[PDB]
Amino acid sequence: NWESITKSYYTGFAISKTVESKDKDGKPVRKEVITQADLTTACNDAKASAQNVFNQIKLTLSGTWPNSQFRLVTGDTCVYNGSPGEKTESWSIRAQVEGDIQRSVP
């Protein structure tokens, strides 16, 4: 029997990288790129952040409930505030994962 203590978002970031190219008329163009692989990495960072927090919080939980076991239930996929692509100016995407800290209840 698992019961949620607290569920919140944990964040990872996909940061744009500068890319140089030329247009159809040969004019040089400067772009700021975020790829789909960058979003996946940012989501893995969000999941690792949730685990990192759980690892510290569990130190207190074992004192609050010494007869319980604890777990972190992380969302399978993230919710993002942007899509991969290219932009004129430097930019980022936030990958948010739900991290639910739970305890077993007798």
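One-based numbering along the sequence shown. What's counted below: heavy atoms across the whole structure, side chains too, no hydrogens, waters or symmetry copies.
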With a 4.5 Å cut-off on side-chain heavy atoms, are [Y] and [X] touching?
X: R94; Y: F13; result: yes
X: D76; Y: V97; result: no
X: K17; Y: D38; result: yes
X: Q96; Y: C78; result: no
X: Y80; Y: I34; result: no
X: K27; Y: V29; result: no

So, [X] side chain and [Y] main chain: donor-acceptor pair closer than 3.5 Å or not?
X: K31; Y: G85; result: no
X: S16; Y: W91; result: yes
X: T60; Y: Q56; result: no

For [X] versus [Y], what's the shortest heavy-atom pair and its separation?
X: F70; Y: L61; result: CZ-O, 3.2 Å
X: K22; Y: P28; result: NZ-CB, 3.5 Å
X: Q102; Y: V73; result: OE1-CG2, 3.4 Å
X: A46; Y: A95; result: CB-O, 3.7 Å

Practice item. Identify whether NZ of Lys or CZ of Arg in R103 sits under 6.0 Å from the centre of the six-membered ring of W2 and within 45° of that ring's axis. Key: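 That pair does not qualify as a cation-pi contact.
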Review point. Considering residues, nucleotides and ligands other than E20, do more than 12 of their heavy atoms fall under 6.0 Å from its CD?
Key: yes
Point to revise | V53 vs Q51, side chain to side chain contact (heavy atoms under 4.5 Å, CB included): CA-CA, chis, key distance, verdict | key: CA-CA 5 Å; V53 168; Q51 184 64 48; over 6 Å; no
Just verifying a value: how many Å separate [X] [atom1] and [Y] [atom2], rounded to the nearest 0.5 Å?
X: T11; Y: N81; atom1: OG1; atom2: CG; answer: 9.5 Å
X: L39; Y: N44; atom1: CG; atom2: CG; answer: 11.0 Å
X: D45; Y: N52; atom1: CG; atom2: CG; answer: 11.0 Å
X: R30; Y: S90; atom1: CZ; atom2: OG; answer: 11.0 Å
X: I93; Y: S83; atom1: CD1; atom2: OG; answer: 6.5 Å

**Study point:** Pairing residues for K58 by the side-chain contact (heavy atoms from CB on, under 4.5 Å) criterion, not counting sequence neighbours
**Key:**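 With neighbours one apart ignored, the set is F54, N55.
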Check your understanding: Distance only, no hydrogens: is a donor on one side chain within 3.5 Å (strictly under) of an acceptor on the other, for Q69 and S104?
Key ->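 Side-chain D/A pair, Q69 to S104: absent.
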**Study point:** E32 and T88: side chain donor to acceptor below 3.5 Å
**Key:** no
Check your understanding: Linking I/L/V/M/F/W/Y whenever their side-chain heavy atoms sit closer than 4.5 Å, directly or via other members, would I101 and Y9 fall into one cluster?
Key ->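 Looking at the clustering, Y9 is in a separate group from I101.
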